[PDB]
Structures are given as structure tokens and as C-alpha cells.
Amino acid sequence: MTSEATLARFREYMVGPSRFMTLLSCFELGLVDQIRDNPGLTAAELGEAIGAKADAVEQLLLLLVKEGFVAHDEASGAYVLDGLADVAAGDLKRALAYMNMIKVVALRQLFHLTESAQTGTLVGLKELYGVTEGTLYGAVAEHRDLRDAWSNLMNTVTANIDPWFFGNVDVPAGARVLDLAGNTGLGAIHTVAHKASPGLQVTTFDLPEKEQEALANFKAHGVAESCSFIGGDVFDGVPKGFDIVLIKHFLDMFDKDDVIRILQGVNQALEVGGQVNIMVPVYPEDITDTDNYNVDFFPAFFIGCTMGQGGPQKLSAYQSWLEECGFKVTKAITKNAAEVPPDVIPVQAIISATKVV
């Protein structure tokens, strides 16, 4: 790879921040809605509609014309949607929810990635919110803006991927299922929806503060009889007396040492023949693969923004760590990136394993 190709790629990297917010601000300002709802307005007409100078509107829309999202008639000054014309409202809501989460959880916090990587602490959250200890997950109880941006997304990501998950995981009649780090219970609710059987019991395990929201989630989905909540810290111990443990979007938050503690805990909580089903973003075996954006996002996201440690691993590393912790792998499935909508960053693997210890 050339020195001049390297310097060219640096420039692509340098315009990342300005590109990201130019596009998001065009949605936040209401410009895209105005252009969709009223085809053929000028910068002056759009400016009056959204409460901004026409000259500001003109400049910010230039990048959307360059990318072919929006078209501009040179003669009239008129704007219409181009690329964005045929994007379904559902697809755009998904993408904007992820972009909003990055803006709130990552954009400003990333300034302090270096200091975060040096201390193994979240300097971003320290500087912005005055949080001195722990993770984003510990702080969202106290910080409404952080909780809504992160929670709404995680729940959209989970609603979209879990049909695939439950289609590839075995939950037999009358199973006792633990959803480890199950947040406000959507994972447990999905278990009941897809695996409804007589005697089926599902429990959400997460931070004690999630309890009231979890119980209300169960009530709202009509599954309060078959779903329950245990509050705690995974590092204090995994609840005992389950047949099957689900671990969805959790192991990638942690370095090996803590992943090993989680899986050793999960082992102690299971009988021989008890099962664990893991869904986690994985790096590909060949890191140069362009169909997988996990490495372009998560290292900086976990180290600088949410944890102060962690990041995904190759499916082979997770398979190895399960084997070190007294489990035998029965399933390993990587999601086809071309079968996921092209706006979605995470590429997940499913790993199923049986305790043999």
C-alpha cells in the first residue's frame, strides 16, 4: 500500500465528523421533511420554513446534492429528494435512531478516547456529566438524555435481530431461561413470544435500577405470569437454577479477563447438559473484509464511550474461551451482512454451547 494512498485515506478520515453532522443536522433542522413534503422549494423558502438563513440552508444541502441524496435545479434553485426519495420511512427511522445514538453517546466523548485508553476510565462522561467511576450502563439511571438515546437504539437493534436469534436457538417445553444483561426485559418478552410453552419461565438479569421498567414492559406485552426480573451485578454471581442462559450484546463490552469471569459464572449457574446461547458482534477472520464495519466503530465506542475496556473478538476467539470455561460448542453462525439492511453497522454471530465441565 502506497504512501500517497495512505495520505489520501487520512483526508477521508478527516472529513468524518463534518460529514456525519452535516447529514444529521439536515434531518434535525427539518430540511429533509420540508423537501419531501413540499417538492421544489428554494433555499429562501426552506430557510423561512425551518427558521434559518437561506445561505446556511444552501451550504448544508451542498453535501446532500454531492452524494445524490438531494437534487438541485440550477435554473430555478429548486430542491427535490433524489436518493432519499425511495428510502422507506421505516428504514430512515432505523438509520436516524443509530445516528442520534452516536451523536449523544459517542461524538463529544470521542475527544477524550486517548485519556480513556490511558486510564481505563470514561473521561468523556467525566468531562460532560461529572461521572467519576463505572460505565455508561451505570450512569444512565441518573442521565435521561444518555438513557433515552442508548436505550431506544439497543431496543430497536434487538427487535430487528431477535427473530433470527430465536429461529436459530433451541428452547424446549417448560425450560427455565435466564436472559443475562436483559436490560428492561425485551429479550425475555421475545423468548415468550417465539417459545410459548406450558411451564416456560424466563428471567431478565440486569442492574437493579431496571426493575420498575422491566415489570412494566412485562405488563404491557401481557407476559407478567411467565417473565420475572433479578437485579444485580454479573461479577457478584449468575442466578442459579436455569436450563438455558441467553447472552445478547454483552460479551463485546469486556476484555478477555471479564468475559472469562462471566462464562465461569454462567458455568457455575448451570448443570451438566445446560445450554448457553450468545449473540455478539464478531470481527471477521480476515480483518481487511469491507462487508463488516464492526472494527470501524466498536473499539472506539467501548474504550472511549461506554466501558473504558472491551470490544468484539473473532468468532474463533469466543469459541476458544467457551472451551476454556467447560463448554462444548454445538452451533456457530455468522449473519450474512448482505441479508441485513445496508445502514446497519453491527454484524452478529450466534454461538450455542453445552456445559460438560
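Numbers follow the displayed sequence, beginning with 1.
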item	value
Average Cα temperature factor in the PDB entry - higher stretch of 194-202, 114-122	194-202
Between 47-55 and 291-299 (mean CA B-factor, as deposited), the higher	47-55
Top residue by Cα temperature factor, when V15, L24, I345, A338 are compared in the entry	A338
Per the PDB entry, maximal CA B factor within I278, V259, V157, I102	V157
Chain third (lowest, middle, highest) by recorded CA B-factor, residue given as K66	lowest
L251 CA temperature factor, ranked by third within the chain	lowest
Position of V234 among the chain's modelled residues by C-alpha B-factor, lowest, middle or highest third	middle
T330 - which third its CA temperature factor falls in, relative to the rest of the chain	middle
CA B-factor placement of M307, once the chain's modelled residues are sorted into thirds	lowest
